[PDB]
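Chemist: Protein chains in written order, with the entry's author numbering: chain E, 75 to 143; chain C, 1 to 440; chain D, 2 to 358, 367 to 439. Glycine is no exception: its CB is placed at the ideal position from the N, C-alpha and C atoms. Here it is, the structure in full.
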Ligand SMILES: C/C(=C\c1csc(C)n1)[C@@H]1C[C@@H]2O[C@]2(C)CCC[C@H](C)[C@H](O)[C@@H](C)C(=O)C(C)(C)[C@@H](O)CC(=O)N1
Ligand SMILES: Nc1nc2c(ncn2[C@@H]2O[C@H](COP(=O)(O)OP(=O)(O)OP(=O)(O)O)[C@@H](O)[C@H]2O)c(=O)[nH]1
Ligand SMILES: Nc1nc2c(ncn2[C@@H]2O[C@H](COP(=O)(O)OP(=O)(O)O)[C@@H](O)[C@H]2O)c(=O)[nH]1
Ligand SMILES: [Ca+2]
Ligand SMILES: [Mg+2]
Ligand SMILES: [Mg+2]
């Protein structure tokens with residue numbers, strides 16, 4: 075019976091620890107997944123804007139090659 | 001004497017906290033500067049009110065509370081208002097930029113910037129406790145901070161305090177005072193992510209409170225100040241077993257044993273009586289039987305739903321004031337011979353009763369009459385699942401078109417968290433169904 | 002907290018100047034920057050639009066831009082012309098010639114960095130920048146072309162802030178210039194991609210109000226702009242006074258924009274009465290309410306009963322019964338249920354501010378995201394393709410380096426916007 079009492083309390087300790095551990099891990103994976111998603115969204119916005127800039131420089135040198143006539 | 005720490009999150013959490021702590025001060029004879037003349041033990045003590053107030057050597061009684069908001073303007077009014085001397089400046093924590101009614105910003109984008117500081121300040125409160133019992137978390141379902149930041153905080157508290165108890169007071173949205181179309185989204189997200197980190201959650205339906213102010217107090221268009229004074233009376237009835245002692249007093253944890261039959265079934269319906277104006281209470285003594293009977297009228301509930309059409313799993317009555325057990329027992333015997341109280345078959349049907357003798361207080365210039373006796377009933381009924389169904393339906397209408405979902409995805413969230421949270425809510429609704437089926 | 006305001010081109014600068022006059026009177030700021038007001042609510046949120054300079058002086062956080070010096074010297078000579086920060090005038094001189102490509106690609110591209118230098122100075126000084134509002138027209142060349150270029154550049158430098166515009170839509174009834182459909186379509190092509198919220202100030206609707214309801218046979222730009230300024234005051238009350246609903250640009254966007262491209266708003270104002278009817282008509286809550294929802298009080302030339310509302314904000318101002326506002330707003334939704342989409346519950350929000358605009370005891374401002382806004386874009390698209398079909402005047406634009414393909418792409422983007430408004434108008438909850 076003493077051995078069973080020891081097993082009950084160590085089971086309680088182990089379940090509380092596994093709950094703390096799984097909460098910690100799933101929080102950290104959620105935070106990292108979310109930081110990556112947000113940074114990818116911003117980076118795509120920026121890449122679209124920078125392609126707008128490249129098209130603007132293309133348009134200006136197009137003007138300067140047709141003012142060469 | 002086991003300390004309780006209160007955490008007030010976002011505008012609704014903070015403003016309800018204002019009303020609660022003002023009320024507690026009045027109930028304990030604590031002045032706006034924190035002095036309490038009746039406390040003869042200076043700088044410390046083991047009295048019932050010390051579960052909620054610590055003491056400085058200078059005689060100040062300080063709420064065991066943290067106020068947290070992602071923008072400064074609501075907490076600034078605490079920093080500068082009547083009770084500004086009550087709180088140490090480090091208990092009042094503000095960012096600069098709020099969550100814009102967006103759970104994703106509350107839990108990730110803005111919340112991640114302030115969570116370590118918040119937990120640090122909570123830690124400072126916990127370290128002053130000799131036997132911390134747990135936390136009380138106040139927040140709205142609908143705001144970006146109240147939903148997202150609270151979920152973040154609840155996860156982090158589970159990590160740092162193990163399975164130390166966490167109770168919630170949760171403000172459920174009403175169209176009469178709501179501020180955002182996306183409140184159903186934020187509500188389902190926060191309920192899904194908090195469900196396993198919460199031991200017991202008292203939902204307060206803003207529409208129930210609004211209708212009670214209109215009908216019982218004849219306030220034609222209630223403000224947050226009206227709603228919050230009534231809410232604080234109910235919160236006070238629930239915490240009064242922690243803050244006072246007495247012979248017939250029964251601790252909140254003892255009610256909790258009866259109120260939560262399975263970890264997910266942890267949402268008690270609160271019903272409070274009497275709510276009555278000064279003009280109508282005049283020369284109208286309301287007896288134990290009258291206020292008890294009022295507990296079973298659905299217009300007095302803090303959540304709109306119909307317990308007549310579900311099953312009970314527990315019924316608790318928290319009396320305060322001039323009340324003795326013989327009168328309670330007589331009123332209960334009357335109610336049982338006349339009301340629609342059907343329990344599930346796996347549950348005993350006795351009502352559990354607590355009586356605190358200190359009578360209810362009112363805030364100066366409020367709308368409630370000062371009464372001699374009050375009661376808050378806490379019941380566990382399948383009917384509370386109606387509140388989920390309504391919210392789930394609003395969620396479904398918008399989510400079918402992905403309306404507004406780009407605001408969450410832009411902050412880093414994925415559609416999979418939406419559907420995961422919504423499936424958790426569908427399983428919660430089914431759980432409430434299953435507990436009501438008869439045993440085979 | 003802080004908004005940075007930009008006004009570009011002639012229209013942009015004239016309606017911007019009237020905006021600053023109106024809200025400065027509302028907040029008790031005089032033309033020298035000094036506060037002489039009666040209510041503390043005038044100063045509670047004053048830093049949203051104003052900087053506090055030495056001497057308890059309030060300076061509009063406003064940036065004045067044009068490729069011509071004309072209008073801006075008119076601004077400086079105006080009644081509040083002294084209020085603006087002199088370093089915040091950024092004018093060129095070559096001009097734009099009602100040519101979007103000049104404003105966007107060449108001449109305005111030459112002035113843009115100088116404008117960006119003032120925006121950074123203003124933004125670096127903010128405790129917590131909300132974002133930006135731009136006033137401009139879509140029919141000229143500076144406001145449309147350079148205004149949309151500046152939006153793109155600001156977004157590159159402040160991608161996590163809100164971008165808001167007050168965009169004046171062109172009408173043949175008010176202006177003769179024949180390339181306006183080109184400029185407007187290229188502008189819209191930019192706005193769809195790069196703003197978070199756009200108020201469509203439609204000159205067609207402004208004219209029709211002035212002429213039909215107010216009975217001005219010859220409406221001035223001055224009379225159009227009194228409409229515009231009363232509206233702009235209304236739709237920024239929630240940013241400028243203490244309040245619960247839409248109190249900043251991000252929260253407004255989160256309430257108003259269910260899909261990121263459908264961010265073009267139809268504003269409305271009440272009351273609008275002819276001199277004749279102003280003696281008869283009573284100013285009650287039920288009648289403010291019914292006007293606010295009427296096709297004739299819309300600053301955009303669309304019939305709401307020809308589409309459905311995705312979202313709505315209504316702002317009442319003045320001393321009135323909030324119970325009565327609540328009842329009338331419920332009554333409008335009940336009686337007009339079919340015109341609000343059923344798959345967005347509770348999509349009409351109501352705010353009430355105590356402080357009425367100047368000269369009224371009570372007013373009402375309406376902001377609608379309605380699929381009936383397609384009527385506006387359709388009208389521009391028509392006028393565009395009637396010209397583009399014949400390649401008329403294309404040489405002003407090819408002359409600056411653009412290809413036909415950009416015109417095709419702008420036309421197709423605008424047609425796509427119209428299709429999407431139609432898709433959500435046809436959507437059902439089941
Ligand atoms: C007084 C009023 C409504 C009212 C008060 S009580 C009642 C039954 N109605 C509004 C004020 C409101 O500021 C607007 C938004 C500006 C109006 C200015 C317009 C643009 C023209 O430039 C102007 C020459 C008008 O046409 C008059 C007839 C004088 C004007 O009065 C019309 C009006 O509708 N004005
Ligand atoms: N009962 C009550 N409800 C409130 C109060 N303040 C806000 N609410 C409700 O709370 C919801 C909106 O959430 P808030 O608490 O204001 O938002 P928040 O947590 O501050 O989050 P963000 O402002 O988005 O950062 C709506 O349902 C409001 O009606 C209050 O003082 N009392
Ligand atoms: N409502 C209004 N519209 C204007 C005003 N000034 C110009 N517009 C309109 O703006 C368009 C011309 O653009 P404009 O601003 O003058 O050209 P820009 O200086 O190159 O930006 C035309 O459709 C005009 O009718 C004004 O003060 N009020
Ligand atoms: Ca003591
Ligand atoms: Mg808030
Ligand atoms: Mg012009």
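#1: Is residue 266/D close to chain C, meaning its C-beta is less than 8 Å from at least one C-beta of that chain?
#2: Who does residue 378/C pair with in a DSSP beta bridge?
#3: In angstroms with no decimal places, state the Cα-to-Cα distance between residue 327/D and residue 345/D.
#4: Is there a Cβ of chain C sitting closer than 8 Å to that of residue 90/E, yes or no?
#5: When you compare only the Cα positions, how much space is there between residue 377/C and residue 116/C?
#6: Less than 7 Å separating the Cβ of residue 141/D from some heavy atom of ligand 7?
#7: Mind checking whether residue 138/C and residue 8/C have CB atoms under 8 Å apart?
#8: Taking 7 Å as the cut-off, is the CB of residue 77/C close to at least one heavy atom of ligand 5?
#9: Quick check on residue 203/C - is its C-beta less than 8 Å from some C-beta in chain E?
#10: Closer than 9 Å by beta-carbon distance: list the chain D residues that pair up with residue 398/C, in chain order.
#11: Consider the Cβ of residue 136/E: report whether some Cβ of chain D lies at a distance smaller than 8 Å.
#12: Comparing C-alpha positions only, which one of 52/D, 64/D, 197/D, 231/D sits nearest to residue 19/D?
#13: Are the C-beta of residue 109/E and some C-beta of chain C separated by less than 8 Å?
#14: Between the Cα of residue 431/D and those of 246/D, 390/D, 383/D, 34/D, spot the shortest distance and give me the residue it belongs to.
#15: Since residue 356/C sits in a beta bridge, which residues does DSSP pair it with?
#16: Take residue 222/C as the anchor and find which of 187/D, 3/D, 391/D, 323/D has the nearest alpha-carbon.
#17: So, are the CB atoms of residue 23/D and residue 153/D less than 8 Å apart?
#18: If you draw a straight line from the C-alpha of residue 126/C to the C-alpha of residue 315/D, how long is it?
#19: Is there contact between the stretch 307–321 of chain D and the stretch 372–391 of chain D, where contact requires at least three CB pairs shorter than 8 Å?
#20: Excluding five sequence neighbours on each side, which residues of the same chain lie with their C-beta closer than 8 Å to the C-beta of residue 334/D?
#21: Identify each residue in the stretch 104–130 of chain C for which the Cβ-Cβ distance to at least one residue of chain E is less than 9 Å, and report them in chain order.
#22: From residue 411/D to residue 97/D, what distance separates their C-alpha atoms?
#23: Which residues of chain D have a Cβ atom closer than 7 Å to the Cβ of residue 97/C, listed in chain order?
#24: Using only the alpha-carbon positions, how far apart do residue 82/D and residue 115/D sit?
#25: Beta-carbon within less than 7 Å of residue 145/C's beta-carbon, same chain only, minus the 5 sequence neighbours each way: which residues are those?
#26: Which residues, in chain order, sit with a beta-carbon under 5 Å away from any heavy atom of ligand 5?
#27: What span of residues does the beta strand (DSSP E) with residue 318/D cover, start to end?
#28: Under 8 Å between beta-carbons, which chain D residues line up against residue 126/E? List them in chain order, please.
#29: Does DSSP put residue 402/C in a helix, in a strand, or in coil?
#30: Would you mind telling me which residues of chain D sit closer than 7 Å to residue 394/C, beta carbon to beta carbon, in chain order?
#31: Taking 8 Å as the limit between beta carbons, can you name the residues of its chain near residue 260/C, skipping five residues before and five after?
#32: Looking at chain E, which residues of the stretch 396–428 of chain C have a Cβ within less than 9 Å of any of its Cβ atoms?
#33: Buried or exposed: which applies to residue 124/E, given that a residue is buried once 16 or more other Cβ atoms fall within 10 Å of its Cβ?
#34: Would DSSP call residue 423/D helix, strand or coil?
#35: Can you tell me the Cα-Cα spacing of residue 367/D and residue 29/D, whole angstroms?
#36: If we define contact as Cβ-Cβ less than 8 Å, is residue 98/E a contact residue for chain C?
Modeler: Straight from the coordinates:
#1: The residue you call residue 266/D lines up with position 265 of the third chain. By this cut-off, residue 266/D is not an interface position.
#2: By 1-based counting over the second chain, the position of residue 378/C is 378. Its beta-bridge partners are 270/C, 316/C.
#3: Locating residue 327/D in the third chain gives position 326, where the first residue counts as 1. Locating residue 345/D in the third chain gives position 344, where the first residue counts as 1. The alpha-carbon atoms of residue 327/D and residue 345/D are separated by roughly 19 Å.
#4: Mapped onto the first chain, residue 90/E falls at position 16. It does; some Cβ of chain C falls within 8 Å.
#5: Here residue 377/C is taken as the residue at index 377 of the second chain, counted from 1. Here residue 116/C is taken as the residue at index 116 of the second chain, counted from 1. Spanning the two alpha carbons is a distance of roughly 38 Å.
#6: Ligand 7 is not among the ligands present in this structure, which contains only ligand 1, ligand 2, ligand 3, ligand 4, ligand 5 and ligand 6.
#7: Position 138 of the second chain, counted from the first residue, corresponds to residue 138/C. Position 8 of the second chain, counted from the first residue, corresponds to residue 8/C. Yes, the Cβ-Cβ distance between residue 138/C and residue 8/C is below 8 Å.
#8: For this step, residue 77/C is matched to residue 77 along the second chain. For ligand 5, not one heavy atom lies less than 7 Å from the Cβ of residue 77/C.
#9: Your numbering for residue 203/C matches position 203 in the second chain. By this cut-off, residue 203/C is not an interface position.
#10: In the second chain, the residue the question calls residue 398/C occupies position 398. Here the neighbours are 259, 344, 345, 346.
#11: One-based indexing of the first chain puts residue 136/E at position 62. Interface residue, yes.
#12: Counted from its first residue, the third chain places residue 19/D at position 18. Cα-wise, what sits closest to residue 19/D is 231/D.
#13: Translated into the one-based positions of the first chain, residue 109/E becomes position 35. Cβ-Cβ to chain C under 8 Å: yes for residue 109/E.
#14: In the third chain, the residue the question calls residue 431/D occupies position 422. Ranking 246/D, 390/D, 383/D, 34/D by Cα distance to residue 431/D puts 383/D first.
#15: Counted from its first residue, the second chain places residue 356/C at position 356. Bridge partners of residue 356/C: 320/C.
#16: Position 222 of the second chain holds residue 222/C. Checked all of 187/D, 3/D, 391/D, 323/D; the closest Cα to residue 222/C is 323/D.
#17: Sequence index remark: in the third chain, residue 23/D carries index 22 (1-based). Sequence index remark: in the third chain, residue 153/D carries index 152 (1-based). Not closer than 8 Å, so no.
#18: Position 126 of the second chain, counting from 1, holds the residue named residue 126/C. Position 314 of the third chain, counting from 1, holds the residue named residue 315/D. Each residue's Cα considered, the two are about 46 Å apart.
#19: yes
#20: Here residue 334/D refers to the residue found at position 333 of the third chain. Excluding its 5 nearest sequence neighbours in each direction, residue 334/D has C-beta neighbours in its own chain below 8 Å: 341, 349, listed in chain order.
#21: 104, 107, 108, 109, 112
#22: Translated into the one-based positions of the third chain, residue 411/D becomes position 402. Translated into the one-based positions of the third chain, residue 97/D becomes position 96. Cα-Cα distance, rounded: 16 Å.
#23: Walking along the second chain from the start, residue 97/C turns up at place 97. Neighbours of residue 97/C on chain D, chain order: 129.
#24: For the purposes of this step, residue 82/D is taken as the residue at position 81 of the third chain. For the purposes of this step, residue 115/D is taken as the residue at position 114 of the third chain. Distance between the alpha carbons of residue 82/D and residue 115/D is about 21 Å.
#25: As a working note, residue 145/C is residue 145 in the second chain. Excluding residues within five positions, the ones whose Cβ falls inside 7 Å are 9, 10, 69, 70, 98, 99, 106.
#26: 11/C, 98/C
#27: Sequence index remark: in the third chain, residue 318/D carries index 317 (1-based). Judged by DSSP secondary structure, residue 318/D falls within the beta strand (DSSP E) whose first and last residues are 310–319.
#28: Stepping through the first chain from its first residue, residue 126/E is reached at position 52. Near residue 126/E (Cβ distances below 8 Å), the residues of chain D are 153.
#29: Position 402 of the second chain holds residue 402/C. In this structure, residue 402/C counts as coil in the three-state DSSP scheme.
#30: One-based indexing of the second chain puts residue 394/C at position 394. The answer, in chain order, is 346.
#31: In the second chain, counting from the first residue as 1, residue 260/C sits at position 260. Only 199, 200, 266, 380 meet the Cβ criterion.
#32: 409, 410, 411, 412, 413, 414, 417
#33: Here residue 124/E refers to the residue found at position 50 of the first chain. When all chains shown are included, residue 124/E counts as exposed.
#34: Residue 423/D sits at position 414 when you count from the first residue of the third chain. Helix at residue 423/D.
#35: Counted from its first residue, the third chain places residue 367/D at position 358. Counted from its first residue, the third chain places residue 29/D at position 28. For residue 367/D and residue 29/D, the distance between alpha carbons rounds to 11 Å.
#36: In the first chain, residue 98/E corresponds to position 24, counting from 1. Output row for residue 98/E: interface = yes.
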